[PDB]
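Engineer: Sending over final-v6.txt (compact mmCIF, C-alpha atoms and all ligand atoms).
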# COMPACT_ATOMS: atom_id res chain seq x y z
CA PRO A 1 104.74 136.44 121.21
CA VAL A 2 100.95 136.93 121.17
CA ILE A 3 98.90 133.91 122.27
CA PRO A 4 95.26 133.80 121.11
CA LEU A 5 92.66 132.51 123.56
CA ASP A 6 90.27 129.74 122.55
CA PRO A 7 88.02 127.59 124.76
CA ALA A 8 88.96 124.54 122.64
CA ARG A 9 92.78 125.00 122.65
CA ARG A 10 94.64 125.36 125.94
CA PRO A 11 97.40 128.02 125.84
CA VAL A 12 100.46 125.84 126.50
CA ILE A 13 104.17 126.51 126.08
CA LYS A 14 107.32 124.36 126.17
CA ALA A 15 109.54 125.29 129.12
CA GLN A 16 112.90 124.03 130.35
CA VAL A 17 112.63 123.65 134.12
CA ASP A 18 115.68 123.26 136.36
CA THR A 19 114.75 122.19 139.91
CA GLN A 20 118.47 122.16 140.94
CA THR A 21 118.27 118.44 141.85
CA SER A 22 118.45 116.79 138.40
CA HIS A 23 119.46 117.98 134.99
CA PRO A 24 117.00 120.45 133.40
CA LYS A 25 113.95 118.91 131.69
CA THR A 26 111.52 120.13 129.05
CA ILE A 27 107.80 120.11 129.86
CA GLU A 28 104.66 121.62 128.33
CA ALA A 29 102.94 124.04 130.74
CA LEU A 30 99.56 125.82 130.72
CA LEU A 31 99.77 129.63 130.82
CA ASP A 32 97.40 130.56 133.65
CA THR A 33 96.59 134.13 134.72
CA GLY A 34 94.25 132.77 137.44
CA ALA A 35 97.15 131.01 139.22
CA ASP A 36 99.03 133.00 141.86
CA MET A 37 101.94 130.57 141.91
CA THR A 38 103.59 128.21 139.42
CA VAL A 39 102.98 124.45 139.69
CA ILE A 40 105.37 121.81 138.41
CA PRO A 41 105.20 117.98 138.43
CA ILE A 42 107.15 115.95 140.97
CA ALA A 43 108.30 113.73 138.07
CA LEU A 44 111.06 116.36 137.58
CA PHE A 45 112.65 115.65 140.98
CA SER A 46 114.93 112.96 142.30
CA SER A 47 113.12 110.89 144.91
CA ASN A 48 115.43 112.10 147.72
CA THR A 49 115.07 115.89 147.70
CA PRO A 50 113.08 117.40 150.61
CA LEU A 51 109.92 119.47 150.26
CA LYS A 52 107.64 121.38 152.63
CA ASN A 53 103.97 120.99 153.48
CA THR A 54 101.64 123.73 152.27
CA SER A 55 98.09 124.78 151.43
CA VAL A 56 96.37 126.07 148.29
CA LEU A 57 92.80 126.63 147.08
CA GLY A 58 91.25 124.82 144.12
CA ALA A 59 88.05 124.22 142.19
CA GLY A 60 86.80 121.47 144.50
CA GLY A 61 88.17 123.19 147.60
CA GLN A 62 91.66 123.46 149.04
CA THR A 63 94.00 120.56 149.69
CA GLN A 64 96.27 119.62 152.59
CA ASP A 65 98.95 117.12 151.44
CA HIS A 66 98.34 117.21 147.67
CA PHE A 67 100.72 120.08 146.83
CA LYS A 68 104.21 120.69 148.25
CA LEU A 69 106.63 123.64 148.16
CA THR A 70 110.18 123.56 146.86
CA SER A 71 112.99 124.34 149.28
CA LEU A 72 115.33 125.75 146.62
CA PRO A 73 114.52 128.24 143.83
CA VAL A 74 113.49 126.89 140.43
CA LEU A 75 114.84 128.17 137.12
CA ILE A 76 112.74 128.27 133.97
CA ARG A 77 113.84 129.04 130.41
CA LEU A 78 111.26 129.86 127.75
CA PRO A 79 111.92 129.52 124.01
CA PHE A 80 112.07 133.27 123.28
CA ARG A 81 113.62 134.90 126.36
CA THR A 82 117.34 134.20 126.73
CA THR A 83 117.59 134.69 130.54
CA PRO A 84 115.92 132.28 132.98
CA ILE A 85 112.99 133.01 135.22
CA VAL A 86 114.02 132.40 138.83
CA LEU A 87 111.20 131.58 141.27
CA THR A 88 112.10 131.76 144.95
CA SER A 89 109.73 128.81 145.38
CA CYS A 90 106.86 127.20 143.58
CA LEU A 91 104.34 124.42 144.06
CA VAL A 92 104.98 120.75 143.32
CA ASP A 93 102.09 118.52 142.21
CA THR A 94 102.62 115.06 143.71
CA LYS A 95 99.52 113.46 142.17
CA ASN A 96 98.38 114.63 138.73
CA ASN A 97 101.79 116.02 137.65
CA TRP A 98 100.19 119.28 136.48
CA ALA A 99 102.47 121.89 134.92
CA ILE A 100 101.12 125.45 135.21
CA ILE A 101 102.86 128.81 134.70
CA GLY A 102 101.39 131.39 137.04
CA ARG A 103 101.54 135.13 137.65
CA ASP A 104 104.80 134.85 139.62
CA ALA A 105 106.48 133.66 136.42
CA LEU A 106 104.43 135.86 134.09
CA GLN A 107 105.43 139.02 136.00
CA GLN A 108 109.14 138.21 135.51
CA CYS A 109 108.53 138.01 131.76
CA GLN A 110 106.50 141.24 132.00
CA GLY A 111 103.53 139.32 130.60
CA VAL A 112 100.17 141.04 130.19
CA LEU A 113 96.55 140.34 129.40
CA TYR A 114 95.19 142.56 126.61
CA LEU A 115 91.48 143.10 126.01
CA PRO A 116 90.93 145.40 122.95
CA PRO B 1 93.13 147.68 128.05
CA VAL B 2 96.46 146.30 129.21
CA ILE B 3 96.18 144.25 132.40
CA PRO B 4 99.57 143.66 134.06
CA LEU B 5 100.18 140.34 135.79
CA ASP B 6 101.29 140.30 139.43
CA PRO B 7 101.21 137.33 141.84
CA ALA B 8 99.96 139.60 144.64
CA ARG B 9 97.01 141.18 142.75
CA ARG B 10 94.37 139.01 141.10
CA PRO B 11 93.47 140.28 137.60
CA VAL B 12 89.78 141.13 138.00
CA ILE B 13 87.18 142.95 135.93
CA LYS B 14 83.71 144.36 136.62
CA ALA B 15 81.13 142.62 134.43
CA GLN B 16 77.36 142.84 134.04
CA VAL B 17 76.01 139.26 133.90
CA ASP B 18 72.51 138.48 132.57
CA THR B 19 71.39 134.91 133.41
CA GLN B 20 67.97 135.51 131.76
CA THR B 21 66.39 134.15 134.97
CA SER B 22 66.62 137.35 137.05
CA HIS B 23 67.64 140.90 136.60
CA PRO B 24 71.18 141.68 135.44
CA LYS B 25 73.85 142.23 138.10
CA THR B 26 77.33 143.78 137.95
CA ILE B 27 79.90 141.59 139.75
CA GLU B 28 83.68 141.29 140.03
CA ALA B 29 85.15 138.45 137.99
CA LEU B 30 88.62 136.94 137.72
CA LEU B 31 90.22 136.95 134.25
CA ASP B 32 91.46 133.36 133.90
CA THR B 33 93.29 132.05 130.79
CA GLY B 34 93.52 128.63 132.46
CA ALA B 35 89.70 128.17 132.47
CA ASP B 36 88.03 126.50 129.48
CA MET B 37 84.61 127.82 130.50
CA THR B 38 83.17 130.75 132.43
CA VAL B 39 81.93 130.27 135.99
CA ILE B 40 79.01 132.20 137.48
CA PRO B 41 77.76 132.31 141.11
CA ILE B 42 74.47 130.55 141.73
CA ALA B 43 73.29 133.71 143.56
CA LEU B 44 72.66 135.39 140.19
CA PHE B 45 69.98 132.88 139.17
CA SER B 46 66.40 132.38 140.24
CA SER B 47 65.63 129.92 142.99
CA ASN B 48 63.25 128.26 140.49
CA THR B 49 65.37 127.94 137.34
CA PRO B 50 66.51 124.47 136.24
CA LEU B 51 70.19 123.54 135.92
CA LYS B 52 71.97 120.42 134.64
CA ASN B 53 74.58 118.18 136.24
CA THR B 54 78.12 117.68 134.92
CA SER B 55 81.84 117.49 135.76
CA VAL B 56 84.75 119.93 135.96
CA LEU B 57 88.50 119.96 136.51
CA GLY B 58 90.06 121.80 139.44
CA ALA B 59 92.93 121.88 141.94
CA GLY B 60 92.77 118.64 143.94
CA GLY B 61 90.86 116.49 141.43
CA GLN B 62 87.40 116.84 139.88
CA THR B 63 84.06 117.44 141.60
CA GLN B 64 80.70 115.92 140.69
CA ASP B 65 77.92 118.02 142.28
CA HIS B 66 79.86 121.23 143.03
CA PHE B 67 79.24 122.81 139.60
CA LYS B 68 76.15 122.66 137.40
CA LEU B 69 75.51 123.83 133.84
CA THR B 70 73.04 126.49 132.72
CA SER B 71 69.92 125.64 130.72
CA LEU B 72 69.73 129.08 129.09
CA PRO B 73 72.54 131.14 127.52
CA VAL B 74 74.21 133.85 129.58
CA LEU B 75 74.99 137.37 128.35
CA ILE B 76 77.95 139.35 129.64
CA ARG B 77 78.73 143.03 129.09
CA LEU B 78 82.11 144.62 129.79
CA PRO B 79 82.85 148.29 130.60
CA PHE B 80 84.41 149.00 127.17
CA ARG B 81 81.67 147.28 125.15
CA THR B 82 77.91 147.54 124.71
CA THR B 83 77.48 144.45 122.52
CA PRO B 84 77.07 141.49 124.90
CA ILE B 85 79.21 138.39 125.05
CA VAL B 86 76.88 135.45 124.48
CA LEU B 87 77.78 132.11 126.06
CA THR B 88 75.57 129.25 124.93
CA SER B 89 76.43 127.46 128.17
CA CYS B 90 78.58 128.04 131.20
CA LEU B 91 79.26 126.62 134.64
CA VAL B 92 77.44 127.59 137.85
CA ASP B 93 79.11 127.64 141.27
CA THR B 94 76.64 126.32 143.88
CA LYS B 95 78.95 126.80 146.91
CA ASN B 96 82.19 128.79 146.73
CA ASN B 97 80.71 131.90 145.02
CA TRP B 98 83.38 132.21 142.30
CA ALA B 99 83.06 134.54 139.32
CA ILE B 100 85.60 133.58 136.63
CA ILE B 101 85.75 134.87 133.04
CA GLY B 102 87.21 132.01 131.02
CA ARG B 103 88.46 131.48 127.49
CA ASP B 104 84.99 131.06 126.00
CA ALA B 105 84.27 134.70 126.91
CA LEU B 106 87.81 135.94 126.28
CA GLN B 107 87.66 134.61 122.70
CA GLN B 108 84.64 136.80 121.92
CA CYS B 109 86.39 139.85 123.43
CA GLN B 110 89.37 139.16 121.11
CA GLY B 111 91.52 139.00 124.25
CA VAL B 112 95.09 137.77 124.03
CA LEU B 113 98.07 136.89 126.18
CA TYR B 114 101.24 138.83 125.30
CA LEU B 115 104.69 137.66 126.43
CA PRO B 116 107.44 140.14 125.34
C1 LIG C 1 89.91 129.84 140.97
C2 LIG C 1 91.37 129.57 140.53
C3 LIG C 1 92.40 129.94 141.65
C4 LIG C 1 91.47 128.10 140.09
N1 LIG C 1 92.84 127.78 139.66
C5 LIG C 1 93.34 128.23 138.26
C6 LIG C 1 92.39 127.81 137.09
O1 LIG C 1 92.76 128.39 135.90
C7 LIG C 1 92.45 126.28 137.00
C8 LIG C 1 93.66 125.65 136.27
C9 LIG C 1 93.35 124.19 135.84
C10 LIG C 1 93.12 123.88 134.47
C11 LIG C 1 92.82 122.57 134.07
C12 LIG C 1 92.74 121.56 135.00
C13 LIG C 1 92.96 121.85 136.36
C14 LIG C 1 93.26 123.17 136.76
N2 LIG C 1 91.35 125.77 136.19
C15 LIG C 1 89.92 125.73 136.57
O2 LIG C 1 89.62 125.42 137.68
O3 LIG C 1 88.92 126.02 135.61
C16 LIG C 1 87.90 125.02 135.44
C17 LIG C 1 86.46 125.79 135.12
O4 LIG C 1 86.39 125.89 133.78
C18 LIG C 1 86.95 124.49 133.31
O5 LIG C 1 87.53 124.57 132.20
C19 LIG C 1 89.04 124.02 132.46
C20 LIG C 1 89.36 124.38 133.68
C21 LIG C 1 88.07 124.17 134.41
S1 LIG C 1 93.68 126.52 140.51
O6 LIG C 1 93.95 125.41 139.60
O7 LIG C 1 92.81 125.87 141.54
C22 LIG C 1 95.22 127.21 141.26
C23 LIG C 1 95.14 128.04 142.35
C24 LIG C 1 96.30 128.57 142.91
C25 LIG C 1 97.54 128.27 142.36
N3 LIG C 1 98.77 128.85 142.96
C26 LIG C 1 97.61 127.44 141.27
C27 LIG C 1 96.46 126.91 140.71
Can you present the structure in this file as structure tokens?
Ligand SMILES: CC(C)CN(C[C@@H](O)[C@H](Cc1ccccc1)NC(=O)O[C@H]1CO[C@H]2OCC[C@H]21)S(=O)(=O)c1ccc(N)cc1

Structural biologist:
Amino acid sequence: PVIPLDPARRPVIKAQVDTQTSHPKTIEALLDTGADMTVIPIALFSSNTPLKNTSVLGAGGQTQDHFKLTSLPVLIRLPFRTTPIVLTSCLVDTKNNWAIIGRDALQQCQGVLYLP
Amino acid sequence: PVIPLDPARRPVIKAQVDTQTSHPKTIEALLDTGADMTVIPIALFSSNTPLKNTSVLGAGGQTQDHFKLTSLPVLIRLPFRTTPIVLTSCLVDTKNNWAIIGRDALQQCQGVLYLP
């Protein structure tokens, strides 16, 4: 669909995320064209699964141990599309449990920005 | 126009920004649906103009004295428009030198996200 943009309403969407370590869960993610890579909360994972250290830039700088990478791909189903998005890897937020859909996922839906 | 979304290429636009404290400058800005409010580099303002303190969200927490707020409105002109976007207030980046067009400005352009 078409999602209007409003400073006062964040463009969010309900997504089913399968990390391949639990059963798939539904979360509400921000649609973010300024994010290179998708971010999902660690609350989706079982406490045993391994992750990798990583780096990423942010508004107050870049962090060291805040965000981790998944070892296995992550599958994402959106309400409209029937087939899942498959990300080779994406970021895991261990602190704030942010959920953000980035340009890696938006390219696989062939998403676009449109400015009239 | 249509701006395709690609994890490897940041979606940027060229925008003329008028702080009303110096002469207008054309800069390169990121188009960011995940930003509530537009961010402007402090380099576009006068060394004498007054700014106000405030808070912001961002990857890795929130920062106190990294961003300030403008005291005067900011005007923004796009390539395909001569009528200026008018932001009654927007954020100022005192360090990192980010230029981000957020949803406050995208609303006045009538910009939308489209997911097929
Ligand atoms: C310069 C960008 C790379 C900033 N990012 C995306 C941006 O949309 C974030 C995404 C975001 C959104 C809400 C809370 C935290 C992060 N929001 C943001 O920093 O904007 C702030 C300035 O205007 C304010 O209005 C709300 C956002 C504020 S980011 O969060 O740091 C980021 C960077 C890289 C990845 N892979 C994932 C996320």

Engineer: Could you give me, as a list in words, the residues within 12 Å of residue A:116, counting all atoms listed in the file and dropping anything in the same chain fewer than 3 positions from it?

Structural biologist: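 Within the cut-off, the hits are residues 113 of chain A; 1, 2, 3, 78, 79, 80, 81, 106, 107, 108, 109, 110, 111, 112 and 113 of chain B.
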
Engineer: To box stretch 47-62 of chain A, take all atoms listed in the file, fit an axis-aligned box, add 5 Å on each side, and give centre and edge lengths in Å to one decimal, as lines of an AutoDock Vina configuration file.

Structural biologist:
center_x = 101.1
center_y = 118.8
center_z = 147.8
size_x = 38.6
size_y = 25.7
size_z = 21.3

Engineer: Residues at most 6 Å from residue A:30, counting all atoms listed in the file, excluding those fewer than 2 positions away in the same chain, as an NGL selection string?

Structural biologist: :A and (11-12 or 32 or 100-101)

Engineer: Could you dump the residues just selected with C-alpha atoms as a JSON list (two decimals), in the coordinates of the input?

Structural biologist:
[["chain", "number", "residue", "atom", "x", "y", "z"],
["A", 11, "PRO", "CA", 97.40, 128.02, 125.84],
["A", 12, "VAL", "CA", 100.46, 125.84, 126.50],
["A", 32, "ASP", "CA", 97.40, 130.56, 133.65],
["A", 100, "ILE", "CA", 101.12, 125.45, 135.21],
["A", 101, "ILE", "CA", 102.86, 128.81, 134.70]]

Engineer: So how many Å separate atom CA of residue A:16 and atom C25 of ligand LIG 1 (chain C), to one decimal?

Structural biologist: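 Result for atom CA of residue A:16 versus atom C25 of ligand LIG 1 (chain C): 20.0 Å, one decimal.
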
Engineer: Looking at B:48, B:97, B:71, B:22, which one is nearest to chain A, with distances taken over only C-alpha atoms?

Structural biologist: B:97
